[PDB]
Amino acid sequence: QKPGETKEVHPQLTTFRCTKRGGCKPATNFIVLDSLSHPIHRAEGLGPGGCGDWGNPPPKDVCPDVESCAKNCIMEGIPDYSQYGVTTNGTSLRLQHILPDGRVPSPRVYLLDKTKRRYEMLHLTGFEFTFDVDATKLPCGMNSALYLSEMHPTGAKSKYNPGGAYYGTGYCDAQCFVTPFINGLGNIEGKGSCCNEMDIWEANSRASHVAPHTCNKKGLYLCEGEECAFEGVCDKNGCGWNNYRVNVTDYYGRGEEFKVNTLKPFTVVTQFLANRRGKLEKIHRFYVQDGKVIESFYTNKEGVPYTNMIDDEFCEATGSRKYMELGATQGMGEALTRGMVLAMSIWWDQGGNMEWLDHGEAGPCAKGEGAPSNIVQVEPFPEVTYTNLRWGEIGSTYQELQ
C-alpha cells in the first residue's frame, strides 16, 4: 500500500556483533512493526474503510488489480510505537500483548539495519545467536517468539511497494497465511505467503520450544490451493525441540525446582553447527543463568534417539515428515546461509490455546489453562522483554562469572 503522510518513528535498539578475539561490539539497529499493523485507509476521495482483513484478498472496489490497490490504499506511519505495545530502552525491546487502555496490540516487529531501509540480514549457519529474556509475565497459552523468516531484504521494495522494509513489508512464514498485501502488493488472487522459518524461540514461563521449519522454496513464495495446506510447500509443524516432549520435566519452569528458573531473567544461546561441507547439521540450544552455563538436556524418551541437539536423525524419528521431505536440516541451513530477517512477537491462540507449546506432552499447563479467556485472570498484562541481541562466532556471545 502507498505510504501516507504520518511520520514513522522507529524505536532504536542497540545490539552486538561478537567474535572470540574482539568480544561483543555494539551496533545500531531499528525496530519496525509489520506493515499490516500500520493504519491502512483509502485514498482521499474514496470514502471510509480499509483495504482488507487478515485471511482474504483486499476489497475489489479499491483493489481490482495491483496498480489500483497501490494508489487507492494508504499505509500511515506510526509516530508512537508505544501505542502498539512496542518500546525500546538501550539494548532492551519490550513487547506488551495487552495495554492498560484494554487494547490487545499483540505486536510483531522486525529488525532493521542502521539505514532503516533494509532489514538486518542474519547469516547464521556456522554461527550463534544469543539474547537475554524476561519471561516472568508469560503464563500458559502465551507465545513470546523470536524467529527468522526468509523475507526479502528491502521488503520487496518496488514501484507499487515504495515503502518497503521501512514500513515492515514482505512478511512470510511457514504457515502460508493469506494476507491482503504480500510483498507490499495487493494480493488480488488470495495467495498465501510462504517461506522457510527458523523458530529460535517460542516460549513462555512454562515451556521453551525451538523448531526449524523448511519449505521447498527459496525466499517468499505465493501459494495457491493445496500448496498452502499441510501437504504443500512448507512444513507447518516444524521439527520441535522441547524438554517436556522428550520426557525431561525438571529443566525449565517457574521456580528453583527447574534448572532454568523462569522467575528470574536468563540468557538463551542457539548455535547453528555446520559440517565440514558447510551445511547445517545440528542446532544446539543451551542457557546461562546466575553466571553459569546450563547445558542442554539429553533426550530421555523411548523411541527418541539419545541426543542433546536437533539433527536429522532426531527430526525424522520424532515424526517431522514434512520437515524432512521439504529439505531437512541442510535445507533449513541453506535458507540461513542465504540470509534471514529477525522477527519478534507476542501472541495468543483463541482457537487452540497454544496447546502444542505447553500442554500435555509439551508442558504442565492444564486443558483450558492457556485459553485467552483464562490468561487474563492469571496475568492481565502479558509481556516479554528481549535484551542484548547478539550474534557471531561460536563460543563468543556469552561469558560465565570468574
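Heads up: residue numbers just count along the shown sequence, starting at 1.
Asks: Going by the B-factors listed in the PDB entry, is the mean over the C-alpha atoms higher for 273 to 281 or for 316 to 324?
Replies: Mean CA B-factor is higher for 273 to 281.
Asks: Could you check which stretch, 139 to 147 or 296 to 304, carries the larger mean CA temperature factor in the entry?
Replies: Taking the mean C-alpha B-factor of 139 to 147 and of 296 to 304, the larger value falls to 296 to 304.
Asks: In the PDB entry, which of 230, 286, 167, 129 has its C-alpha at the highest B-factor?
Replies: Among 230, 286, 167, 129, the PDB entry lists the largest C-alpha B-factor for 230.
Asks: Whose C-alpha has the highest temperature factor in the PDB entry: 235, 101, 173, 202?
Replies: The listed residue with the largest C-alpha B-factor is 101.
Asks: Taking the values exactly as deposited, rank residue 265 by C-alpha B-factor within its chain and report the matching third: lowest, middle or highest.
Replies: Its C-alpha B-factor, which the entry lists for residue 265, ranks in the highest third among residues of this chain.
Asks: Sorting the chain's modelled residues by C-alpha B-factor, tell me whether residue 376 ends up in the lowest, middle or highest third.
Replies: Highest third, going by the recorded CA B-factors of the chain.
Asks: Could you place residue 108 in the lowest, middle or highest third of its chain by Cα temperature factor, using the values in the record?
Replies: Lowest third.
Asks: Grab the CA temperature factor for residue 18 from the record and place it in the lowest, middle or highest third of its chain.
Replies: Middle third by C-alpha B-factor.
Asks: Could you look up the Cα B-factor of residue 337 in the entry and say which third of the chain it sits in: lowest, middle or highest?
Replies: Middle third of the chain for residue 337's C-alpha B-factor.
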